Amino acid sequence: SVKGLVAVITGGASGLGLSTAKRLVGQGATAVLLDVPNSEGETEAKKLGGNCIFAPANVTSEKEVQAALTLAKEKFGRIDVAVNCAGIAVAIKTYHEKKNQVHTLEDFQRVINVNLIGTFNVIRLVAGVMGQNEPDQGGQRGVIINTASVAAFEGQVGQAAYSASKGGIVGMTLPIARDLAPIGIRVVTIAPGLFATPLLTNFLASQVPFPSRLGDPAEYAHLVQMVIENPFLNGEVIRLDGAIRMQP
């Protein structure tokens, strides 16, 4: 079970991070929603009660994310779980002939900065916080769960920046679990296929073999709970995608 664990969930005001937060608070854990100030984190935290607060922060900022973890530890006393769901996406070709338009450097930089350098910023700063915990009966001090994408394996036309960023998450999964193994922190990544969140904001659903529909955010939340409960899952990437494989 996850009752009594404290989880910091980035991207927690919407979509997969918010559904994760609803499932873990409903199972008895406490959840901090780390999300930008312009989001609706504060209200969603209120709707989930006193065991779920909002920590406004941008994950590309060291000082903000350090302030958000300080808040979580001060309120709830420790951090057991982190879930990285903050992320953005763009759909721009590397070079579009017709328009003779190269993809800009700054649009690639921005997607790398939020998705991959923002996930590594959270990881590096929560790892020292979970390192303070007394190890449980099996030597574990924490679990860190990241969100990649099937775009890390079958990135479509227009997804070079998003793919680069999520393949970076996938490539650092095993070296960060091997770095944190001596202090008992597992590191696992989930790679969702196509899910019903805002991030889509009209024919995507038909491509999915079975179930033949977009994923429900609550199914990502149930895998997150399984990942936190299973003590031997480590250093691995799970696809959650209805058996889809993306075409160009």
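One rule holds for the numbers: they count along the sequence shown, beginning at 1.
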Unmodelled deposited residues between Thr201 and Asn202, binned: 4 to 9
Between 76-84 and 118-126, point out the one with the higher average CA B-factor as the PDB entry records it. 76-84
Taking the recorded C-alpha temperature factors, which stretch has the higher mean, 205-213 or 56-64? 205-213
Note to self: of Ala221, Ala191, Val32, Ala29, the C-alpha temperature factor tops out at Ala29
Looking at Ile112, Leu174, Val143, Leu105, which has the highest Cα B-factor in the entry? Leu105
How does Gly168 rank on Cα B-factor within its chain, lowest, middle or highest third? lowest
Third assignment of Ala89 from its chain's C-alpha B-factors: highest
Temperature factor at the Cα of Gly41, chain-ranked in thirds, falls in the middle
Comparing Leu48 with the other modelled residues of its chain, is its CA B-factor in the lowest, middle or highest third? highest
By the entry's values, the third containing the CA B factor of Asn133 is the highest
